[PDB]
Amino acid sequence: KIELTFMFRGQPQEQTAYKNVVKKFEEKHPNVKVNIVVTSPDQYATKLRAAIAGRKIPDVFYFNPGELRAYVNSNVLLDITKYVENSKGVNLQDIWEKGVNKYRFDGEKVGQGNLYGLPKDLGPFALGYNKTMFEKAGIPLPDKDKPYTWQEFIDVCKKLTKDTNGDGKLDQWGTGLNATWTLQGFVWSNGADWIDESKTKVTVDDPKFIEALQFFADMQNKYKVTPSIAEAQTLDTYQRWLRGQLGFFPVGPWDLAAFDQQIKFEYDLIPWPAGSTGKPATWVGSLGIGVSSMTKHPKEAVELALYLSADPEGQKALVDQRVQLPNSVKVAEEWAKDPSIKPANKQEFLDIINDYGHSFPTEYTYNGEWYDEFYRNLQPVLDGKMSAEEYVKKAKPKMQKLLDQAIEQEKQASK
Ligand SMILES: OC[C@@H]1O[C@@H](OC[C@@H]2O[C@@H](OC[C@@H]3O[C@@H](OC[C@@H]4O[C@@H](OC[C@@H]5O[C@@H](OC[C@@H]6O[C@@H](O)[C@H](O)[C@H]6O)[C@H](O)[C@H]5O)[C@H](O)[C@H]4O)[C@H](O)[C@H]3O)[C@H](O)[C@H]2O)[C@H](O)[C@H]1O
Ligand SMILES: [Ca+2]
């Protein structure tokens with residue numbers, strides 16, 4: 001008779017997986033009915049923001065770790081600490097500490113104190129390569145541990161870029177990376193970032209940042225190891241990767257079900273190519289599962305969040321359905337070692353989590369508007385109409401004003 005609203009986002013394979021697992025929850029808890037509100041990833045932020053603006057908050061919902069402090073200040077998230085402590089069996093200490101701590105807040109800083117959510121997952125963003133394509137081309141396979149240098153990466157990408165059917169037109173390319181999701185690793189491995197150490201000053205005008213951004217754009221425009229601008233418009237590079245047209249493309253654990261369904265070639269994971277630091281870099285994503293401060297059924301709502309995040313039965317179902325890696329550290333370690341589950345080097349996901357993955361810069365700031373502004377007007381750089389140097393000099397003060405406002409608005413909302 002109890003009814004909960006569960007609001008979340010996902011690609012089609014993720015929507016199916018979580019709907020299936022919510023049904024398992026309902027089977028286990030016959031007195032609870034869960035009403036689903038689900039959107040595409042791109043639609044989610046707008047829809048959640050509207051719910052919160054109207055103070056019509058779903059009982060259980062996904063949220064961005066960068067919004068944690070703002071959600072606490074505006075009393076959006078229930079303090080679920082005591083419900084989790086009283087729960088039968090589940091020990092959050094089995095779960096990735098990096099994941100759990102993103103949703104703790106002690107009143108002053110993130111990473112400690114009361115629980116205001118549970119981790120949906122950790123989302124290490126690995127680099128995949130098309131092994132079928134390498135072996136057909138006679139090119140030595142990438143090393144599973146030692147990153148390519150940037151020059152080595154371009155060299156191999158050039159070797160892979162060719163006319164394979166002999167009609168005179170290129171139909172296979174080295175790569176086709178999306179700057180929204182893959183620029184970070186190049187910036188970070190080149191010893192740069194969007195913001196400084198203190199997370200209060202924009203640093204995109206760092207020569208190291210400029211070099212990374214120019215290199216990124218140059219893959220398409222200068223080195224020409226990607227589909228052309230027109231070709232990517234015709235069919236985007238994610239789809240071209242699925243069809244076996246690209247040598248390299250990123251892989252997150254949420255991709256695995258989609259790739260199981262659509263990818264017919266053999267692929268495996270490798271470290272990202274490394275810039276001046278010689279150390280690979282990429283991001284580790286996460287989403288939180290939160291409970292509305294205003295929920296009429298806090299026990300049942302926390303029980304649902306726990307089922308998805310930490311319950312061994314719920315987690316097993318999500319992992320079996322190939323939309324994430326295990327939240328339990330020990331389960332993830334034995335998962336990675338199981339050779340019957342592909343990719344062969346899915347250990348790379350854990351290496352990202354444990355060693356060379358970083359957080360998105362917005363996880364450190366009170367809101368992410370300053371960062372969104374960088375990407376909003378980036379495309380002319382990517383299409384070779386504006387230099388990286390010219391763009392970051394123009395973007396920097398716009399970004400800085402927004403970041404300054406985030407910092408101030410924190411001070412005001414936290415009183
Ligand atoms: O800019 C050029 C564009 O390319 C063309 O569009 C094609 C695009 O390709 C398709 O997208 C493929 C997917 O994109 C990458 O995945 C990125 C995002 O990950 C998924 O979410 C997983 C989720 O996020 C992780 O957390 C990350 C962050 O961490 C926190 O700070 C914050 O809260 C999180 O946001 C979690 O760990 C994990 O659960 C999203 O689904 C996806 O967007 C992968 O390559 C593919 O999965 C799609 O069709 C187009 O977007 C166009 O021409 C042009 O726009
Ligand atoms: Ca051809």
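Just so you know, ligand 1 is whichever comes first in the structure, and atom 1 is the first atom listed for that ligand. Start at 1 with the first residue, then count along the sequence.
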Donor-acceptor pairs under 3.5 Å, side chain of residues 62-70 to any protein atom, not counting sequence neighbours: which ones?
from	atom 1	to	atom 2	distance (Å)
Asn64	OD1	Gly66	N	2.8
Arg69	NH2	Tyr364	O	3.2

Checklist entry - Does a side-chain N-to-carboxylate-O contact under 4.0 Å join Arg322 and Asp260? => result yes

Checklist entry - So, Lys23 and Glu26, do they make that salt bridge, N to O below 4.0 Å? => result no

Checklist entry - Does atom NZ of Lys47 have more than 12 heavy-atom neighbours, drawn from other residues, nucleotides or ligands, at distances under 6.0 Å? => result yes

Item to check | Side-chain ion pair, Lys144 and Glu348, N-O less than 4.0 Å | outcome: no

Item to check | Residues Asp163 and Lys169 bridged, charged N to O under 4.0 Å | outcome: no

Every pair of nitrogen or oxygen atoms between ligand 1 and the protein that is under 3.5 angstrom apart - can you list them with their distances to 0.1 Å?
from	atom 1	to	atom 2	distance (Å)
ligand 1	1 (O)	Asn178	OD1	3.2
ligand 1	19 (O)	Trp254	NE1	3.4
ligand 1	21 (O)	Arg9	NH2	3.0
ligand 1	26 (O)	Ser286	N	3.2
ligand 1	29 (O)	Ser286	N	3.2
ligand 1	29 (O)	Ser286	O	3.4
ligand 1	31 (O)	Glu363	OE2	2.8
ligand 1	33 (O)	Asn64	OD1	3.2
ligand 1	33 (O)	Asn64	ND2	3.0
ligand 1	33 (O)	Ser286	O	3.2
ligand 1	37 (O)	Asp121	OD1	2.7
ligand 1	37 (O)	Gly123	N	3.4
ligand 1	37 (O)	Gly285	O	3.4
ligand 1	37 (O)	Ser286	N	3.3
ligand 1	39 (O)	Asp121	OD2	2.7
ligand 1	41 (O)	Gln11	NE2	2.9
ligand 1	47 (O)	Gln11	NE2	3.0
ligand 1	47 (O)	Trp254	NE1	3.0
ligand 1	47 (O)	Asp255	OD1	2.6

Checklist outcome for this item: Protein-derived N, O or S atoms sitting under 3.0 Å away from the Ca ion (ligand 2) total 5

Next on the checklist: I'd like to know if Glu334 and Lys330 make a salt bridge, using a cut-off of under 4.0 Å between side-chain N and carboxylate O.
Outcome noted: no

Next on the checklist: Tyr71: which residues meet the side-chain hydrogen bond (donor to acceptor under 3.5 Å, both in side chains) condition with it, sequence neighbours left out?
Outcome noted: none

Checklist entry - What do the steps show when you test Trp194 against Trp370 for ring-ring contact (aromatic ring centres under 6.0 Å, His included), and what is the final call? => result CA-CA 10 Å; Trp194 274 258; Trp370 66 271; 7.9 Å; no

